[PDB]
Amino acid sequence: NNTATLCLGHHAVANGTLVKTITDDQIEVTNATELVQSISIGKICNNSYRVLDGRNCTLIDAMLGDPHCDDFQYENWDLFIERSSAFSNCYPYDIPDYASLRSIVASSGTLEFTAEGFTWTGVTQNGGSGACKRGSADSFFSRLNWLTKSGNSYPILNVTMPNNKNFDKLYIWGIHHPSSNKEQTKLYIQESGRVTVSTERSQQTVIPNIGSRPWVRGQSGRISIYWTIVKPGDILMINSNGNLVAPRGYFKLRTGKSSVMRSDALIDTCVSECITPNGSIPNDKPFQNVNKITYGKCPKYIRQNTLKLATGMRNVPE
């Protein structure tokens, strides 16, 4: 036969895979590729970033110097990890705007501390308590100095400390509220105390608050932690006549790329540049459906758990 036929066509596969389009909800194509990371490794990979396990401690307890959190004296981190099973085992306290202090330290990424020879004349220093047992003795938060009366009376303190550096000094202090007036006078002499921490651009006054609170370890009283930031060229001043839980020194504040993250997953050796509470995840896909809380180089969280991008033509078998 002196004629021929030349047919044109395309490929196909036994069973393809279904995708979304503008005009179809589902439609078969030869192949696809998943763009939503649904599943993590299980562990938090401590390789690309410097992950620091908190174990029994919070970041705040580590800063203040809880006897069991002494491990973290001068430690740093890209990501601090807080376990649900952590606790405080020192003198009971609170912090107004707690979250903010916690955020500021985590961001700085370091508990670099430098003590300073403050002069507390007319008062007995280094007060401790049974609720904060260190080793086997009545101690206190390592970064705070509990000031009490010196026999006869408790004078109006007036102490200064200028910032000579060119970075921000972070100061941590507080005030003591007793459970009774008979206690208030026993330790601080005066009927009502006061703490006035001021800079050349700012100030904060806290008045103590006598009256009993619930029983924590055996103590009825409390301590409220405050903080202050002194800028370059500026000067600190502390003026108290009672109840001052004084500072020992300052923390270094670095504008950093650090953070803190609550998790109970195993920290372990592996490759990854993205970290979640569920564990590390691979960041090859543009999106993820594991956990909105993330740190590092991460796919963006969305609500969908799957999206197939078509990498082939329409599939039409025979």
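Sequential numbering from 1, following the sequence displayed.
The stretch with the higher mean CA B factor, choosing between 102 to 110 and 186 to 194, is 186 to 194. Relative to its counterpart among 215 to 223 and 91 to 99, 215 to 223 has the higher mean temperature factor, C-alpha atoms as listed in the PDB entry. Ranking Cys45, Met261, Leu35, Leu59 by the C-alpha B-factor listed in the PDB entry places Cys45 at the top.
Sort the chain's modelled residues by C-alpha temperature factor and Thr269 lands in the highest third, per the entry. In the deposited entry, the Cα temperature factor of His68 places it in the highest third of its chain's modelled residues. The entry lists a Cα temperature factor for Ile156 that places it in the highest third of the chain's modelled residues. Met237: CA B factor in the highest third of modelled residues in this chain (values from the PDB entry). Among all modelled residues in this chain, the alpha-carbon of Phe80 has a temperature factor (C-alpha) in the lowest third.
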